[PDB]
Ligand SMILES: *[C@@H]1O[C@H](CO)[C@@H](O[C@@H]2O[C@H](CO)[C@@H](O[C@@H]3O[C@H](CO)[C@@H](O)[C@H](O)[C@@H]3O)[C@H](O)[C@H]2NC(C)=O)[C@H](O)[C@H]1NC(C)=O
Ligand SMILES: *[C@@H]1O[C@H](CO)[C@@H](O[C@@H]2O[C@H](CO)[C@@H](O[C@@H]3O[C@H](CO)[C@@H](O)[C@H](O)[C@@H]3O)[C@H](O)[C@H]2NC(C)=O)[C@H](O)[C@H]1NC(C)=O
Ligand SMILES: *[C@@H]1O[C@H](CO)[C@@H](O[C@@H]2O[C@H](CO)[C@@H](O)[C@H](O)[C@H]2NC(C)=O)[C@H](O)[C@H]1NC(C)=O
Ligand SMILES: *[C@@H]1O[C@H](CO)[C@@H](O)[C@H](O)[C@H]1NC(C)=O
């Protein structure tokens with residue numbers, strides 16, 4: 001009905017930074033908008049309402065302004081507690097309509113990632129499927145990439161990537177990419193390796209265990 | 009049909025009792041406190057100057073006990089005494 | 253023989269008897285039980301005080317109202333037109349403001365909050381806070397208020413002086429509190445009446 | 404010394420108590436007058452309308 | 001003040017009825033209005049409809065107006081949603097929310113439900129396959145080690161893992177669920193534990209596949225071929 005536009009569609013900045021997220025409307029609605037904070041993997045909480053009238057439970061740093069079509073949320077000071085997907089919702093017209101949702105992160109704490117390949121457990125060998133996954137503990141920009149090169153061939157792209165979102169500790173990622181084979185297909189080769197291409201450093205570290213290691 | 013406008017005021021699911029003159033007990037929305045009954049549990053510096061005897065009474069400090077005599081030519085806002093302090097050099101009245 | 257002369261100044265300096273350690277914090281009022289904020293107007297920690305210490309009383313708790321008279325209305329719904337809103341019957345569920353308008357029209361049933369009257373409400377409450385919050389007297393050198401030994405007559409009279417003060421203040425504070433509570437409750441519902449009249453007029 | 408110290412206490416006690424006491428007396432009457440004036444305005448108002 | 005507890009089966013056969021309930025705690029149910037709201041993961045969310053938490057007079061989003069049926073109870077302090085002829089796409093997370101009494105007003109969704117996942121049971125429901133993962137030399141940082149516990153072959157989602165029944169929390173990262181080429185769902189909840197504790201303690205990963213009611217305090221141990 002009445003589409004809610006959210007801008008900028010993506011954003012980031014560091015600690016103690018002011019950022020602005022703008023909401024647009026198809027039809028200018030007179031100060032009838034709501035903003036929401038959604039912690040990833042948690043129940044989304046209400047942030048503001050009615051052209052950003054101040055609300056208790058929401059500290060003063062969160063502020064906004066409403067002017068018909070021109071609606072902006074401002075984070076006055078960026079804390080780590082402020083990473084989430086922010087939504088602008090219109091109640092002026094029915095049915096209600098929602099902000100698109102902006103993945104906002106903190107541009108801070110660029111760190112060297114820690115590489116963690118995962119061995120096939122014995123249940124795994126007995127299972128008939130071998131999943132060879134590799135964990136990068138702490139990289140801020142997602143520049144880090146994953147690849148798999150067994151002694152025989154390149155098994156990259158056959159991995160199912162799972163990256164954790166930004167944490168309360170750090171606005172960084174942790175990626176574990178699941179390369180599952182069959183026991184028949186996995187057994188055929190000998191030397192197994194996790195290789196890590198971090199574009200932040202451009203230095204690949206290959207982590208290998210030979211046949212016999214258990 | 010016919011419209012009806014109807015006025016009223018807000019309330020709270022959970023309120024607190026308050027002592028008045030009209031009624032010794034009544035329920036209102038939001039209460040507060042007028043009596044601070046709790047301490048941090050220590051003498052804290054800023055903004056006044058403190059000085060702790062830590063074994064010497066002010067008379068003992070004014071006179072000179074060799075142990076805990078550091079208080080010589082020392083100034084303060086508020087001097088404090090410990091109840092574990094005593095004369096341990098020479099008696100006096 | 254005196255080995256010289258002690259230089260005497262005159263100041264806010266005093267003595268105090270306690271067994272609480274020295275620490276690092278920002279707070280003025282300092283008691284044997286320890287440093288407290290001097291923010292609220294009363295405390296019941298100790299007779300003995302120093303600095304901008306709020307007046308000592310005997311009471312445990314003297315709660316001060318900051319809102320209008322709570323009428324929890326937990327009854328079986330009567331399906332009444334609108335909500336049958338009343339000055340007497342309460343209105344659970346109105347987070348925005350302290351006063352609101354509930355309407356039953358042809359279009360449906362709805363509510364809208366006021367800002368004008370409620371702002372004046374909270375405003376007058378906020379003043380009442382400030383006139384009773386943060387205001388303080390400083391006391392720099394009291395007489396001793398605890399007695400390890402009984403010397404006699406003199407000691408007896410300052411025990412009298414002490415009890416005199418605490419009793420007077422205790423009752424005095426008790427009235428102050430109660431008078432304001434009434435005043436607030438009056439002012440709140442009077443503004444309700446004033447808004448009520450504004451509509452009807 | 405000690406004796407004088409206690410009268411200084413007694414003095415400050417009295418002045419403080421009276422000061423606050425007077426402060427309230429004043430304020431309570433001011434309210435009362437303002438109430439009484441406009442109430443009589445209301446009373447005359449009602450007399451007319453009634 | 002006001003808290004909500006969302007309840008219901010996180011799995012449901014295709015083209016079947018969805019039955020959910022959410023709880024109230026504090027306040028009086030008679031004194032507000034309540035709605036439901038739908039969100040598939042990582043997309044836009046949507047308002048479903050609301051009811052008179054006092055009277056029972058209701059509304060629904062036009063899209064789900066025929067499909068969705070919401071209800072209440074004065075008696076038990078509860079309220080329900082009944083959704084018929086569900087789609088495979090309708091798989092989402094749901095919420096119960098507090099709405100303003102006014103039919104048209106602001107400050108909607110002031111309070112939200114904890115969030116309960118609802119996955120359509122495309123495939124047969126099954127038990128979790130708890131796969132321990134031994135820390136090696138090539139999975140230990142100077143200050144930390146990478147103990148793993150994979151829940152594979154589990155259908156449907158989710159599966160929530162406790163570590164020492166939640167005794168340790170520092171550097172515990174639940175990696176998101178994975179659709180394998182198996183058409184089966186899986187994930188690990190990796191735990192980072194200091195390298196000093198290696199070969200000493202036999203840690204436990206505890207599986208809480210709530211719909212299946214499965215508890216697997218399975219240990220991770222080193223074995224030799
Ligand atoms: C301030 O007053 C206290 C209590 O009167 C003093 O503490 C006690 O002081 C004596 C020394 O004057 C301590 O003797 C020491 O004992 C320890 C073993 O406990 C030993 O390692 C030392 O070689 C020494 O002989 C006594 O133990 C201590 N009481 C305690 C802590 O239980 C304190 O010293 C006074 N401050 C001064 C004079 O600096
Ligand atoms: C903070 O500490 C003070 C002590 O400096 C507490 O005040 C009261 O002080 C007396 C000691 O003077 C406490 O002990 C009692 O002594 C009397 C004789 O004077 C004796 O008959 C009793 O058996 C008892 O041992 C007393 O417990 C203490 N409390 C009260 C309420 O009277 C003061 O209460 C402390 N403040 C707090 C906890 O906020
Ligand atoms: C109830 O009113 C009080 C007024 O005291 C509000 O409390 C604020 O927060 C602290 C702790 O309660 C107090 O020391 C302050 O005096 C208050 N803030 C300021 C600076 O005014 C409280 O917000 C109100 N509670 C609700 C939710 O209605
Ligand atoms: C308010 O809180 C008290 C104490 O927890 C509880 O006994 C009482 O039932 C509550 N009342 C309401 C209306 O929630």
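Chains as they are written, first to last, in the authors' numbering: chain P, 1 to 214; chain A, 9 to 101; chain S, 253 to 453; chain W, 404 to 453; chain V, 1 to 225. Here a beta-carbon is modelled for each residue, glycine too, at the ideal position from N, C-alpha and C.
For chain S, check one thing: does any of its Cβ atoms lie closer than 8 Å to the Cβ of residue 420/W?
Residue numbering aside, residue 420/W sits at position 17 when the fourth chain is read from its first letter. It does: the Cβ of residue 420/W has a partner Cβ on chain S nearer than 8 Å.
Validate contact between the region 82-101 of chain V and the region 16-33 of chain V using beta carbons, cut 8 Å, 3 pairs:
yes
Using a Cβ-Cβ cutoff of less than 6 Å, which residues in the same chain neighbour residue 5/P once the five nearest sequence positions on both sides are dropped?
If you number the first chain from 1, residue 5/P lands on position 5. Cβ within range, chain order: 24.
Excluding five sequence neighbours on each side, which residues of the same chain lie with their C-beta closer than 7 Å to the C-beta of residue 28/P?
Within the first chain, residue 28/P is the residue found at index 28, counting from 1. Taken in chain order, the residues that qualify are 68, 69.
Residues in the region 172-193 of chain V having any Cβ partner in chain P nearer than 9 Å
173, 174, 175, 176, 177, 178, 179, 180, 181, 182, 186, 187, 188, 190, 192
Strictly below 8 Å CB to CB, what residues from chain P border residue 44/V?
Counting from one through the fifth chain, the residue named residue 44/V turns up at place 44. The contacting residues are 98, 100, 101.
In whole angstroms, give me the CA-to-CA distance for residue 146/P and residue 134/V.
Here residue 146/P is taken as the residue at index 146 of the first chain, counted from 1. Here residue 134/V is taken as the residue at index 134 of the fifth chain, counted from 1. Computed Cα separation, rounded: 21 Å.
Looking at chain A, is there any beta carbon in it that lies within less than 8 Å of the beta carbon of residue 78/V?
For the purposes of this step, residue 78/V is taken as residue 78 along the fifth chain, with counting starting at 1. Chain A contact via Cβ: absent.
Residue 401/S Cβ short of 7 Å to ligand 2 heavy atom set:
Along the third chain, one-based indexing puts residue 401/S at 149. Incorrect: residue 401/S has no Cβ contact closer than 7 Å to ligand 2.
Residue 132/V bridges to which residues according to DSSP?
Counting from 1 along the fifth chain, the entry for residue 132/V is found at position 132. Residue 132/V is bridged to 149/V.
Of the residues 381/S, 415/S, 348/S, the one placed nearest residue 56/P, counting alpha carbons only
Stepping through the first chain from its first residue, residue 56/P is reached at position 56. Ranking the options by Cα distance to residue 56/P, first place goes to 348/S.
Taking the C-alpha atoms as reference points, what is the distance between residue 95/P and residue 36/V?
By one-based count along the first chain, residue 95/P stands at place 95. By one-based count along the fifth chain, residue 36/V stands at place 36. Using only the alpha carbons, I get a separation of about 13 Å.
Can you tell me whether residue 380/S sits near ligand 1, meaning its C-beta is under 7 Å from at least one heavy atom of the ligand?
In the third chain, residue 380/S corresponds to position 128, counting from 1. Residue 380/S Cβ: outside cutoff for every heavy atom of ligand 1.
Starting from residue 412/S, trace the alpha helix (DSSP H) both ways and give me its first and last residue.
Along the third chain, one-based indexing puts residue 412/S at 160. Where residue 412/S is concerned, the enclosing alpha helix (DSSP H) stretches over 405-452.
Beta carbon of residue 56/P: closer than 7 Å to some heavy atom of ligand 3?
For the purposes of this step, residue 56/P is taken as the residue at position 56 of the first chain. Yes, the beta carbon of residue 56/P sits closer than 7 Å to at least one heavy atom of ligand 3.
Quick check on residue 367/S - is its C-beta less than 8 Å from some C-beta in chain A?
By one-based count along the third chain, residue 367/S stands at place 115. No, its Cβ sits nowhere closer than 8 Å to a Cβ of chain A.
Is residue 55/A near ligand 4, in the sense that its beta carbon is under 7 Å from a heavy atom of that ligand?
Residue numbering aside, residue 55/A sits at position 47 when the second chain is read from its first letter. Checking the Cβ of residue 55/A against ligand 4 gives no.
Is the number of C-beta pairs between the region 285-296 of chain S and the region 253-269 of chain S that are closer than 8 Å three or more?
no
Could you check whether the Cβ of residue 406/S sits closer than 8 Å to any Cβ belonging to chain W?
Indexing the third chain from 1 puts residue 406/S at position 154. Yes, residue 406/S counts as interfacial toward chain W.
Use the C-beta contact count for residue 354/S: other C-beta atoms within 10 angstroms, 16 or more gives buried, fewer gives exposed.
Here residue 354/S refers to the residue found at position 102 when the third chain is read from its first residue. Classification of residue 354/S: buried, given that the 10 Å Cβ count is 16 or more.
Which residue comes first and which comes last in the alpha helix (DSSP H) that contains residue 105/P?
Here residue 105/P refers to the residue found at position 105 when the first chain is read from its first residue. Unbroken run through residue 105/P is the beta strand (DSSP E), 102-106; no alpha helix (DSSP H).
If the cut-off is 8 Å on Cβ atoms, which residues from the region 18-29 of chain A count as contacting chain V, listed in chain order?
21, 22
Grouping DSSP H, G and I as helix and E and B as strand, with all else coil, what is residue 87/P?
Along the first chain, one-based indexing puts residue 87/P at 87. Correct three-state label for residue 87/P: strand.
Quick check on residue 218/V: does DSSP put it in helix, strand or coil?
Numbered from 1 along the fifth chain, position 218 holds the residue referred to as residue 218/V. In the structure shown, residue 218/V sits in a strand (DSSP, three-state: E or B).
Does the beta-carbon of residue 297/S, which I'm using as the reference point, lie nearer than 7 Å to any heavy atom of ligand 2?
Position 45 of the third chain, counted from the start, is the residue given in the question as residue 297/S. Under cutoff, so the answer is yes.
Please check if any C-beta of chain P sits within less than 8 Å of the C-beta of residue 148/V.
In the fifth chain, counting from the first residue as 1, residue 148/V sits at position 148. At least one chain P Cβ lies under 8 Å of residue 148/V.
What residues come near ligand 3, if near means a beta carbon less than 5 Å from any of its heavy atoms?
38/A, 40/A, 318/S
Please tell me whether residue 113/P and residue 153/P are closer than 8 Å, where the distance is taken between their beta carbons.
For the purposes of this step, residue 113/P is taken as residue 113 along the first chain, with counting starting at 1. For the purposes of this step, residue 153/P is taken as residue 153 along the first chain, with counting starting at 1. Taking 8 Å as the Cβ cut-off, residue 113/P and residue 153/P do not qualify as a contacting pair.
Beta-carbon of residue 26/V versus every beta-carbon of chain A: anything under 8 Å?
Mapped onto the fifth chain, residue 26/V falls at position 26. Yes, because at least one Cβ of chain A sits closer than 8 Å to the Cβ of residue 26/V.
Best match in 164/P, 173/P, 133/P for proximity to residue 149/P [C-alpha to C-alpha]
Locating residue 149/P in the first chain gives position 149, where the first residue counts as 1. Residue 149/P has its Cα closest to that of 133/P, out of 164/P, 173/P, 133/P.
Interface partners of residue 117/P on chain V, CB under 9 Å:
Counted from its first residue, the first chain places residue 117/P at position 117. Chain V residues near residue 117/P: 136, 138, 139, 146.
Rounded separation between residue 73/V and residue 98/P - CA only:
Taking the first residue of the fifth chain as 1, we reach residue 73/V at position 73. Taking the first residue of the first chain as 1, we reach residue 98/P at position 98. Using only the alpha carbons, I get a separation of about 29 Å.
Residues bridged to residue 79/P [DSSP beta-bridge criterion]:
Against the first chain, residue 79/P aligns to sequence position 79. Note: residue 79/P sits in no beta bridge, so no partner.
Which word fits residue 363/S, buried or exposed, when buried means at least 16 other C-beta atoms lie within 10 angstroms of its C-beta?
The count along the third chain starts at 1 and reaches residue 363/S at position 111. The residue in question, residue 363/S, is buried, as its Cβ has 16 or more Cβ neighbours within 10 Å.
Just checking residue 342/S against ligand 4 - is the residue's beta carbon closer than 7 Å to any of the ligand's heavy atoms?
Translated into the one-based positions of the third chain, residue 342/S becomes position 90. For ligand 4, not one heavy atom lies less than 7 Å from the Cβ of residue 342/S.
Residues bridged to residue 6/V (per DSSP)
In the fifth chain, the residue the question calls residue 6/V occupies position 6. In DSSP, residue 6/V forms a bridge with 22/V.
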